[PDB]
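See below for work_36.pdb, which holds PDB, C-alpha atoms.
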```pdb
ATOM      1  CA  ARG M   1       0.000   0.000   0.000
ATOM      2  CA  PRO M   2       1.804   3.152  -1.196
ATOM      3  CA  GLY M   3       1.661   6.072   1.224
ATOM      4  CA  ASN M   4       4.259   8.794   0.456
ATOM      5  CA  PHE M   5       3.374  10.884  -2.607
ATOM      6  CA  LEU M   6       6.303  13.180  -2.997
ATOM      7  CA  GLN M   7       6.272  14.345  -6.590
ATOM      8  CA  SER M   8       8.770  16.406  -8.484
ATOM      9  CA  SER M   9       8.859  17.553 -12.087
ATOM     10  CA  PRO M  10      12.286  18.148 -13.697
TER      11      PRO M  10
ATOM     12  CA  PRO L   1     -12.655  25.229   4.002
ATOM     13  CA  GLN L   2     -10.227  23.896   6.587
ATOM     14  CA  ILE L   3      -8.846  20.422   6.186
ATOM     15  CA  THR L   4      -7.175  18.607   9.058
ATOM     16  CA  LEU L   5      -4.494  16.029   8.391
ATOM     17  CA  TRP L   6      -5.538  13.177  10.668
ATOM     18  CA  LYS L   7      -6.554  11.340   7.474
ATOM     19  CA  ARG L   8      -5.418  11.723   3.867
ATOM     20  CA  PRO L   9      -6.767  15.080   2.642
ATOM     21  CA  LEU L  10      -8.962  13.670  -0.092
ATOM     22  CA  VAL L  11     -11.460  15.987  -1.847
ATOM     23  CA  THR L  12     -13.770  15.718  -4.850
ATOM     24  CA  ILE L  13     -12.537  17.124  -8.107
ATOM     25  CA  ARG L  14     -14.232  17.616 -11.442
ATOM     26  CA  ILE L  15     -12.267  17.084 -14.634
ATOM     27  CA  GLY L  16     -14.254  16.785 -17.861
ATOM     28  CA  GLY L  17     -17.381  17.503 -15.797
ATOM     29  CA  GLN L  18     -16.714  14.010 -14.329
ATOM     30  CA  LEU L  19     -15.935  13.463 -10.627
ATOM     31  CA  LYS L  20     -12.929  11.885  -8.877
ATOM     32  CA  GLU L  21     -11.378  11.821  -5.414
ATOM     33  CA  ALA L  22      -7.937  13.439  -5.226
ATOM     34  CA  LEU L  23      -5.270  14.080  -2.635
ATOM     35  CA  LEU L  24      -4.310  17.679  -1.815
ATOM     36  CA  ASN L  25      -0.605  17.289  -1.937
ATOM     37  CA  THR L  26       1.810  19.988  -0.863
ATOM     38  CA  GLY L  27       4.668  17.575  -1.620
ATOM     39  CA  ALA L  28       3.798  17.553  -5.340
ATOM     40  CA  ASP L  29       4.940  20.201  -7.811
ATOM     41  CA  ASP L  30       2.384  19.023 -10.353
ATOM     42  CA  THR L  31      -1.083  17.473 -10.558
ATOM     43  CA  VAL L  32      -1.105  13.801 -11.481
ATOM     44  CA  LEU L  33      -4.207  11.820 -12.311
ATOM     45  CA  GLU L  34      -4.731   8.086 -12.481
ATOM     46  CA  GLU L  35      -4.763   6.675 -16.004
ATOM     47  CA  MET L  36      -7.725   8.034 -17.963
ATOM     48  CA  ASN L  37      -8.375   8.442 -21.718
ATOM     49  CA  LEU L  38      -8.388  12.240 -21.719
ATOM     50  CA  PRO L  39      -8.724  13.873 -25.146
ATOM     51  CA  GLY L  40      -6.327  16.518 -26.335
ATOM     52  CA  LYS L  41      -2.717  17.103 -27.321
ATOM     53  CA  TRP L  42      -0.087  16.008 -24.834
ATOM     54  CA  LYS L  43       3.638  15.738 -24.388
ATOM     55  CA  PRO L  44       5.658  13.044 -22.665
ATOM     56  CA  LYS L  45       7.115  13.788 -19.277
ATOM     57  CA  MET L  46       8.911  11.898 -16.565
ATOM     58  CA  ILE L  47       8.139  12.676 -12.924
ATOM     59  CA  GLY L  48       9.969  11.633  -9.831
ATOM     60  CA  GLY L  49       8.703  10.289  -6.570
ATOM     61  CA  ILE L  50       9.880   8.487  -3.476
ATOM     62  CA  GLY L  51      10.923   5.291  -5.329
ATOM     63  CA  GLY L  52      12.014   6.570  -8.767
ATOM     64  CA  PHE L  53      10.447   8.004 -11.890
ATOM     65  CA  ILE L  54       7.337   7.248 -13.916
ATOM     66  CA  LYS L  55       6.299   8.301 -17.410
ATOM     67  CA  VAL L  56       3.207  10.465 -17.760
ATOM     68  CA  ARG L  57       1.315  12.453 -20.410
ATOM     69  CA  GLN L  58       1.316  16.199 -19.917
ATOM     70  CA  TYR L  59      -1.869  18.062 -20.891
ATOM     71  CA  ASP L  60      -1.906  21.862 -20.716
ATOM     72  CA  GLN L  61      -4.721  24.348 -20.011
ATOM     73  CA  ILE L  62      -7.147  21.745 -18.689
ATOM     74  CA  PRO L  63     -10.095  23.079 -16.683
ATOM     75  CA  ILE L  64     -10.538  21.387 -13.358
ATOM     76  CA  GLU L  65     -12.709  22.050 -10.341
ATOM     77  CA  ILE L  66     -11.403  21.281  -6.824
ATOM     78  CA  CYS L  67     -13.988  21.122  -4.064
ATOM     79  CA  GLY L  68     -16.077  23.761  -5.891
ATOM     80  CA  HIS L  69     -13.137  25.993  -6.808
ATOM     81  CA  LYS L  70     -12.375  26.478 -10.494
ATOM     82  CA  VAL L  71      -8.830  26.083 -11.775
ATOM     83  CA  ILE L  72      -7.135  25.642 -15.096
ATOM     84  CA  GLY L  73      -3.680  24.344 -15.823
ATOM     85  CA  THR L  74      -1.417  21.447 -16.445
ATOM     86  CA  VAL L  75      -2.581  17.975 -15.623
ATOM     87  CA  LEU L  76      -0.373  14.898 -15.850
ATOM     88  CA  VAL L  77      -1.897  11.493 -16.565
ATOM     89  CA  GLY L  78      -0.248   8.203 -15.786
ATOM     90  CA  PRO L  79       0.110   5.165 -13.595
ATOM     91  CA  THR L  80      -0.110   6.956 -10.239
ATOM     92  CA  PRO L  81      -1.852   4.912  -7.484
ATOM     93  CA  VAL L  82      -3.791   7.989  -6.356
ATOM     94  CA  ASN L  83      -5.097  11.192  -7.954
ATOM     95  CA  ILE L  84      -2.890  14.042  -6.793
ATOM     96  CA  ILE L  85      -3.542  17.768  -6.740
ATOM     97  CA  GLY L  86      -0.188  19.470  -6.671
ATOM     98  CA  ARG L  87       1.040  22.955  -6.048
ATOM     99  CA  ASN L  88       0.377  24.146  -9.635
ATOM    100  CA  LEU L  89      -3.377  23.990  -8.875
ATOM    101  CA  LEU L  90      -3.335  24.426  -5.072
ATOM    102  CA  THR L  91      -1.998  27.953  -5.660
ATOM    103  CA  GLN L  92      -4.880  28.759  -8.055
ATOM    104  CA  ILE L  93      -7.468  27.877  -5.411
ATOM    105  CA  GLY L  94      -5.681  29.931  -2.722
ATOM    106  CA  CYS L  95      -4.705  26.922  -0.596
ATOM    107  CA  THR L  96      -2.223  27.509   2.255
ATOM    108  CA  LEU L  97      -0.624  25.476   5.029
ATOM    109  CA  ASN L  98      -1.251  26.889   8.460
ATOM    110  CA  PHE L  99       0.136  26.152  11.887
TER     111      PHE L  99
ATOM    112  CA  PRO H   1       2.663  30.754  10.118
ATOM    113  CA  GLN H   2       0.643  30.732   6.893
ATOM    114  CA  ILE H   3       2.604  29.205   4.031
ATOM    115  CA  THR H   4       1.624  29.664   0.395
ATOM    116  CA  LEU H   5       2.527  27.103  -2.213
ATOM    117  CA  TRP H   6       4.117  28.980  -5.121
ATOM    118  CA  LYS H   7       7.403  27.445  -3.976
ATOM    119  CA  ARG H   8       8.052  24.107  -2.309
ATOM    120  CA  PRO H   9       7.162  24.370   1.414
ATOM    121  CA  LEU H  10      10.629  23.792   2.822
ATOM    122  CA  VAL H  11      11.284  24.462   6.510
ATOM    123  CA  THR H  12      14.165  23.992   8.929
ATOM    124  CA  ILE H  13      13.964  21.134  11.364
ATOM    125  CA  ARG H  14      16.215  20.033  14.218
ATOM    126  CA  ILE H  15      16.583  16.305  14.898
ATOM    127  CA  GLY H  16      19.183  14.454  16.946
ATOM    128  CA  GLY H  17      20.826  17.825  17.587
ATOM    129  CA  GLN H  18      21.263  18.610  13.891
ATOM    130  CA  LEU H  19      19.616  21.130  11.569
ATOM    131  CA  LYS H  20      18.133  20.012   8.230
ATOM    132  CA  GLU H  21      15.755  21.301   5.566
ATOM    133  CA  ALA H  22      12.533  19.373   5.011
ATOM    134  CA  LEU H  23       9.431  19.525   2.853
ATOM    135  CA  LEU H  24       5.965  19.809   4.473
ATOM    136  CA  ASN H  25       4.138  17.086   2.608
ATOM    137  CA  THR H  26       0.414  16.568   3.047
ATOM    138  CA  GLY H  27       0.675  13.748   0.488
ATOM    139  CA  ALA H  28       2.809  11.635   2.809
ATOM    140  CA  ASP H  29       1.392   9.445   5.587
ATOM    141  CA  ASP H  30       4.853   9.266   7.177
ATOM    142  CA  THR H  31       7.934  11.316   7.784
ATOM    143  CA  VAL H  32      11.014  10.183   5.823
ATOM    144  CA  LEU H  33      14.452  11.682   6.107
ATOM    145  CA  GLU H  34      17.537  11.249   3.985
ATOM    146  CA  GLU H  35      20.171   8.793   5.151
ATOM    147  CA  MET H  36      21.473   9.776   8.578
ATOM    148  CA  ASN H  37      22.279   8.295  11.966
ATOM    149  CA  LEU H  38      19.762   8.462  14.787
ATOM    150  CA  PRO H  39      20.114   7.178  18.327
ATOM    151  CA  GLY H  40      18.290   4.098  19.530
ATOM    152  CA  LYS H  41      16.702   0.985  18.105
ATOM    153  CA  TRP H  42      15.190   0.895  14.631
ATOM    154  CA  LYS H  43      13.235  -1.644  12.608
ATOM    155  CA  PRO H  44      13.369  -2.341   8.860
ATOM    156  CA  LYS H  45      10.283  -1.200   6.901
ATOM    157  CA  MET H  46       9.337  -0.475   3.321
ATOM    158  CA  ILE H  47       7.366   2.469   2.010
ATOM    159  CA  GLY H  48       6.014   3.376  -1.339
ATOM    160  CA  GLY H  49       4.916   6.209  -3.522
ATOM    161  CA  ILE H  50       5.313   7.322  -7.089
ATOM    162  CA  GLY H  51       8.078   5.343  -8.686
ATOM    163  CA  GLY H  52       7.751   2.408  -6.330
ATOM    164  CA  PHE H  53       8.996   1.206  -2.975
ATOM    165  CA  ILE H  54      12.119   1.847  -0.938
ATOM    166  CA  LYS H  55      13.619   0.257   2.165
ATOM    167  CA  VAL H  56      13.783   2.428   5.293
ATOM    168  CA  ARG H  57      14.762   2.272   8.962
ATOM    169  CA  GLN H  58      11.912   3.067  11.333
ATOM    170  CA  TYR H  59      12.764   4.996  14.500
ATOM    171  CA  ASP H  60       9.985   5.424  17.056
ATOM    172  CA  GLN H  61       9.262   8.268  19.472
ATOM    173  CA  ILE H  62      11.904  10.625  18.085
ATOM    174  CA  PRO H  63      11.834  14.282  19.089
ATOM    175  CA  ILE H  64      11.955  16.705  16.226
ATOM    176  CA  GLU H  65      11.450  20.471  16.125
ATOM    177  CA  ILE H  66       9.682  21.654  12.995
ATOM    178  CA  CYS H  67       9.839  25.331  12.163
ATOM    179  CA  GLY H  68       9.878  26.030  15.921
ATOM    180  CA  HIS H  69       7.178  23.503  16.882
ATOM    181  CA  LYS H  70       7.931  20.362  18.878
ATOM    182  CA  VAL H  71       6.880  16.870  17.751
ATOM    183  CA  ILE H  72       7.793  13.401  19.033
ATOM    184  CA  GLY H  73       7.000  10.526  16.768
ATOM    185  CA  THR H  74       7.944   8.050  14.115
ATOM    186  CA  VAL H  75      10.764   8.998  11.764
ATOM    187  CA  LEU H  76      11.771   6.878   8.787
ATOM    188  CA  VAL H  77      15.264   7.054   7.382
ATOM    189  CA  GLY H  78      16.265   5.961   3.895
ATOM    190  CA  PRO H  79      16.927   6.891   0.295
ATOM    191  CA  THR H  80      14.201   9.521  -0.076
ATOM    192  CA  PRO H  81      15.030  12.231  -2.649
ATOM    193  CA  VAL H  82      14.247  14.912  -0.069
ATOM    194  CA  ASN H  83      13.553  15.129   3.666
ATOM    195  CA  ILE H  84       9.793  14.838   4.051
ATOM    196  CA  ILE H  85       7.575  15.796   6.985
ATOM    197  CA  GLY H  86       4.411  13.764   6.660
ATOM    198  CA  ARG H  87       1.012  13.821   8.284
ATOM    199  CA  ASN H  88       2.115  11.864  11.361
ATOM    200  CA  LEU H  89       4.107  14.970  12.489
ATOM    201  CA  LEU H  90       2.114  17.670  10.656
ATOM    202  CA  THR H  91      -0.806  16.728  12.949
ATOM    203  CA  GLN H  92       1.413  17.091  16.044
ATOM    204  CA  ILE H  93       2.311  20.687  15.137
ATOM    205  CA  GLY H  94      -1.291  21.612  14.343
ATOM    206  CA  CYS H  95      -0.949  21.998  10.610
ATOM    207  CA  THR H  96      -4.091  22.321   8.428
ATOM    208  CA  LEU H  97      -4.783  23.044   4.783
ATOM    209  CA  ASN H  98      -6.966  26.081   4.144
ATOM    210  CA  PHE H  99      -8.646  27.565   1.110
TER     211      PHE H  99
END
```
Structure translated into structure tokens:
Amino acid sequence: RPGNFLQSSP
Amino acid sequence: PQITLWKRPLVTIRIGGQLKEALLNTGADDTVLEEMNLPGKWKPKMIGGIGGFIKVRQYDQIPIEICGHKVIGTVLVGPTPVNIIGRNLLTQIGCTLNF
Amino acid sequence: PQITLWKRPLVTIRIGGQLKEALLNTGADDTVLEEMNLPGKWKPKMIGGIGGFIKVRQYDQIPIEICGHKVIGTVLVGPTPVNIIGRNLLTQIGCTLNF
């Protein structure tokens, strides 16, 4: 179950 | 509204007049939606997360409503496990973190 | 404070006596810090997000000061791309989302 939705766009 | 963080801050969004649950995500630069057959021109993009990168389709100038608040901007579509509203749209709806 | 989201919400934290920069991340259940030493016992865990799963060390009941507010709770340590403060500690410092 994924839980850590850090997201970065280059 | 005010949203506490005891639970995942999930809200209803409207994209294409059709309704989804999405996570208000201050840790996301961009808005990423679960795979959907959205019409329109797109460009390929790779986005990074906790575990590595995934490939997504980048759609520009897409209208979207977040908990009643209208926005318009870039939406990424790809194999995310959750719909994510990122800072590009959180700013448009005047969302802040407060403590 | 009230923090807008036109830039990444990075704040200074102090943990195990040391100052670091970390991202306030409403899209994270847990707090995950870049590789570092922390005192005491840990247990191996895995966590996931965009791009998949990583292995971390779980430290319990760790004091951490976040932008001047005290928290004591679970801190994960591993190969995260950035230090992340997740909801487990955001709740302790009274953080809400507001729009």
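Going from CA of residue 15 in chain H over to CA of residue 65 in chain H, you cover 6.7 Å.
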Checklist entry - What residues in chain M have any atom no more than 8 Å from chain H when counting only C-alpha atoms, and can you write them as an MDAnalysis selection string? => result chainID M and resid 1:7
Resulting file, chosen residues, C-alpha atoms, as a PDB file, in the frame of the given file:
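Resulting contents of out_36.pdb:
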```pdb
ATOM      1  CA  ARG M   1       0.000   0.000   0.000  1.00  0.00           C
ATOM      2  CA  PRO M   2       1.804   3.152  -1.196  1.00  0.00           C
ATOM      3  CA  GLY M   3       1.661   6.072   1.224  1.00  0.00           C
ATOM      4  CA  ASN M   4       4.259   8.794   0.456  1.00  0.00           C
ATOM      5  CA  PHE M   5       3.374  10.884  -2.607  1.00  0.00           C
ATOM      6  CA  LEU M   6       6.303  13.180  -2.997  1.00  0.00           C
ATOM      7  CA  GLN M   7       6.272  14.345  -6.590  1.00  0.00           C
TER       8      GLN M   7
END
```
Next on the checklist: On this structure, the PyMOL selection byres ((chain L and resi 73) around 8) would catch which residues? List them as a ChimeraX atom specification, sorted by chain and number.
Outcome noted: /L:60-64,71-72,74-75,88-89
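From CA of residue 1 in chain H back to CA of residue 96 in chain H, the distance works out to 10.9 Å.
Among the candidates L:98, L:12, L:92, L:37, the residue lying nearest to chain H is L:98 (atoms considered: all atoms listed in the file).
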Next on the checklist: Selection in question (the file shown): the PyMOL selection byres ((chain L and resi 68) around 9). Which residues does it include, as a PyMOL selection string?
Outcome noted: chain L and resi 12-14+65-67+69-70
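For the atom pair formed by CA of residue 39 in chain H and CA of residue 17 in chain H, the distance is 10.7 Å, given to one decimal.
Counting all atoms listed in the file and comparing L:85, L:76, L:10, L:54, the residue that lies closest to chain H is L:54.
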Checklist entry - Got a sec to resolve the PyMOL selection byres ((chain H and resi 45) around 7) on this structure and send the residues as a ChimeraX atom specification? => result /H:43-44,46-47,55-58
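Compared by their closest atoms to chain L, and using all atoms listed in the file, the residues H:22, H:33, H:93, H:38 rank with H:93 nearest.
Closest to chain L among H:99, H:16, H:36, H:83 is H:99, based on all atoms listed in the file.
In terms of minimum interatomic distance to chain H, L:94 ranks closest within L:34, L:94, L:42, L:21, counting only C-alpha atoms.
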Where atoms are lacking, range 55-89 of chain H completed to N, CA and C atoms, as a PDB file, in the frame of the given file:
```pdb
ATOM      1  N   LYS H  55      13.379   0.788   0.834  1.00  0.00           N
ATOM      2  CA  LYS H  55      13.619   0.257   2.165  1.00  0.00           C
ATOM      3  C   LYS H  55      14.023   1.396   3.078  1.00  0.00           C
ATOM      4  N   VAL H  56      13.453   1.422   4.282  1.00  0.00           N
ATOM      5  CA  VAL H  56      13.783   2.428   5.293  1.00  0.00           C
ATOM      6  C   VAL H  56      14.027   1.812   6.680  1.00  0.00           C
ATOM      7  N   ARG H  57      14.658   2.583   7.553  1.00  0.00           N
ATOM      8  CA  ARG H  57      14.762   2.272   8.962  1.00  0.00           C
ATOM      9  C   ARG H  57      13.725   3.069   9.720  1.00  0.00           C
ATOM     10  N   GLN H  58      12.935   2.398  10.536  1.00  0.00           N
ATOM     11  CA  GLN H  58      11.912   3.067  11.333  1.00  0.00           C
ATOM     12  C   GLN H  58      12.383   3.305  12.762  1.00  0.00           C
ATOM     13  N   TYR H  59      12.475   4.581  13.131  1.00  0.00           N
ATOM     14  CA  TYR H  59      12.764   4.996  14.500  1.00  0.00           C
ATOM     15  C   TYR H  59      11.496   5.507  15.137  1.00  0.00           C
ATOM     16  N   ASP H  60      11.183   4.999  16.328  1.00  0.00           N
ATOM     17  CA  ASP H  60       9.985   5.424  17.056  1.00  0.00           C
ATOM     18  C   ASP H  60      10.274   6.517  18.089  1.00  0.00           C
ATOM     19  N   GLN H  61       9.261   7.327  18.349  1.00  0.00           N
ATOM     20  CA  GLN H  61       9.262   8.268  19.472  1.00  0.00           C
ATOM     21  C   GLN H  61      10.499   9.175  19.466  1.00  0.00           C
ATOM     22  N   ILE H  62      10.770   9.755  18.296  1.00  0.00           N
ATOM     23  CA  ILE H  62      11.904  10.625  18.085  1.00  0.00           C
ATOM     24  C   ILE H  62      11.489  12.090  18.162  1.00  0.00           C
ATOM     25  N   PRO H  63      12.136  12.866  19.050  1.00  0.00           N
ATOM     26  CA  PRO H  63      11.834  14.282  19.089  1.00  0.00           C
ATOM     27  C   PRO H  63      12.366  15.019  17.876  1.00  0.00           C
ATOM     28  N   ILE H  64      11.575  15.933  17.373  1.00  0.00           N
ATOM     29  CA  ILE H  64      11.955  16.705  16.226  1.00  0.00           C
ATOM     30  C   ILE H  64      11.266  18.062  16.332  1.00  0.00           C
ATOM     31  N   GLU H  65      12.024  19.136  16.108  1.00  0.00           N
ATOM     32  CA  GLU H  65      11.450  20.471  16.125  1.00  0.00           C
ATOM     33  C   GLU H  65      11.259  20.939  14.704  1.00  0.00           C
ATOM     34  N   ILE H  66      10.026  21.314  14.370  1.00  0.00           N
ATOM     35  CA  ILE H  66       9.682  21.654  12.995  1.00  0.00           C
ATOM     36  C   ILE H  66       9.259  23.108  12.923  1.00  0.00           C
ATOM     37  N   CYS H  67      10.101  23.915  12.299  1.00  0.00           N
ATOM     38  CA  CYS H  67       9.839  25.331  12.163  1.00  0.00           C
ATOM     39  C   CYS H  67       9.418  25.909  13.519  1.00  0.00           C
ATOM     40  N   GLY H  68      10.124  25.504  14.570  1.00  0.00           N
ATOM     41  CA  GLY H  68       9.878  26.030  15.921  1.00  0.00           C
ATOM     42  C   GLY H  68       8.802  25.318  16.725  1.00  0.00           C
ATOM     43  N   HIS H  69       8.195  24.268  16.164  1.00  0.00           N
ATOM     44  CA  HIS H  69       7.178  23.503  16.882  1.00  0.00           C
ATOM     45  C   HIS H  69       7.674  22.097  17.189  1.00  0.00           C
ATOM     46  N   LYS H  70       7.462  21.663  18.419  1.00  0.00           N
ATOM     47  CA  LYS H  70       7.931  20.362  18.878  1.00  0.00           C
ATOM     48  C   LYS H  70       7.000  19.193  18.493  1.00  0.00           C
ATOM     49  N   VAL H  71       7.601  18.108  18.041  1.00  0.00           N
ATOM     50  CA  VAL H  71       6.880  16.870  17.751  1.00  0.00           C
ATOM     51  C   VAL H  71       7.714  15.739  18.325  1.00  0.00           C
ATOM     52  N   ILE H  72       7.074  14.618  18.647  1.00  0.00           N
ATOM     53  CA  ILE H  72       7.793  13.401  19.033  1.00  0.00           C
ATOM     54  C   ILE H  72       7.057  12.240  18.417  1.00  0.00           C
ATOM     55  N   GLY H  73       7.667  11.596  17.435  1.00  0.00           N
ATOM     56  CA  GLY H  73       7.000  10.526  16.768  1.00  0.00           C
ATOM     57  C   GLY H  73       7.882   9.738  15.849  1.00  0.00           C
ATOM     58  N   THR H  74       7.250   9.009  14.944  1.00  0.00           N
ATOM     59  CA  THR H  74       7.944   8.050  14.115  1.00  0.00           C
ATOM     60  C   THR H  74       8.663   8.752  12.981  1.00  0.00           C
ATOM     61  N   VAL H  75       9.939   8.420  12.822  1.00  0.00           N
ATOM     62  CA  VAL H  75      10.764   8.998  11.764  1.00  0.00           C
ATOM     63  C   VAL H  75      11.391   7.866  10.987  1.00  0.00           C
ATOM     64  N   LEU H  76      11.190   7.874   9.673  1.00  0.00           N
ATOM     65  CA  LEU H  76      11.771   6.878   8.787  1.00  0.00           C
ATOM     66  C   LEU H  76      13.005   7.464   8.163  1.00  0.00           C
ATOM     67  N   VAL H  77      14.018   6.626   7.969  1.00  0.00           N
ATOM     68  CA  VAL H  77      15.264   7.054   7.382  1.00  0.00           C
ATOM     69  C   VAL H  77      15.624   6.137   6.212  1.00  0.00           C
ATOM     70  N   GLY H  78      15.875   6.735   5.070  1.00  0.00           N
ATOM     71  CA  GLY H  78      16.265   5.961   3.895  1.00  0.00           C
ATOM     72  C   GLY H  78      16.486   6.819   2.696  1.00  0.00           C
ATOM     73  N   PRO H  79      16.518   6.197   1.507  1.00  0.00           N
ATOM     74  CA  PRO H  79      16.927   6.891   0.295  1.00  0.00           C
ATOM     75  C   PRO H  79      15.808   7.721  -0.345  1.00  0.00           C
ATOM     76  N   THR H  80      15.153   8.551   0.451  1.00  0.00           N
ATOM     77  CA  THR H  80      14.201   9.521  -0.076  1.00  0.00           C
ATOM     78  C   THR H  80      14.950  10.616  -0.839  1.00  0.00           C
ATOM     79  N   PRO H  81      14.365  11.128  -1.936  1.00  0.00           N
ATOM     80  CA  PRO H  81      15.030  12.231  -2.649  1.00  0.00           C
ATOM     81  C   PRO H  81      15.129  13.521  -1.864  1.00  0.00           C
ATOM     82  N   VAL H  82      14.212  13.734  -0.926  1.00  0.00           N
ATOM     83  CA  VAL H  82      14.247  14.912  -0.069  1.00  0.00           C
ATOM     84  C   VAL H  82      13.678  14.565   1.307  1.00  0.00           C
ATOM     85  N   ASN H  83      14.125  15.279   2.330  1.00  0.00           N
ATOM     86  CA  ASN H  83      13.553  15.129   3.666  1.00  0.00           C
ATOM     87  C   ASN H  83      12.103  15.532   3.627  1.00  0.00           C
ATOM     88  N   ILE H  84      11.233  14.647   4.107  1.00  0.00           N
ATOM     89  CA  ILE H  84       9.793  14.838   4.051  1.00  0.00           C
ATOM     90  C   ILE H  84       9.189  14.786   5.454  1.00  0.00           C
ATOM     91  N   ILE H  85       8.413  15.813   5.798  1.00  0.00           N
ATOM     92  CA  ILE H  85       7.575  15.796   6.985  1.00  0.00           C
ATOM     93  C   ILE H  85       6.156  15.431   6.568  1.00  0.00           C
ATOM     94  N   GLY H  86       5.705  14.280   7.036  1.00  0.00           N
ATOM     95  CA  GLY H  86       4.411  13.764   6.660  1.00  0.00           C
ATOM     96  C   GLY H  86       3.362  13.999   7.717  1.00  0.00           C
ATOM     97  N   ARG H  87       2.173  13.459   7.477  1.00  0.00           N
ATOM     98  CA  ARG H  87       1.012  13.821   8.284  1.00  0.00           C
ATOM     99  C   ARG H  87       1.167  13.385   9.739  1.00  0.00           C
ATOM    100  N   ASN H  88       1.933  12.323   9.983  1.00  0.00           N
ATOM    101  CA  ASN H  88       2.115  11.864  11.361  1.00  0.00           C
ATOM    102  C   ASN H  88       2.684  12.978  12.274  1.00  0.00           C
ATOM    103  N   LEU H  89       3.557  13.836  11.733  1.00  0.00           N
ATOM    104  CA  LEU H  89       4.107  14.970  12.489  1.00  0.00           C
ATOM    105  C   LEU H  89       3.409  16.306  12.197  1.00  0.00           C
TER     106      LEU H  89
END
```
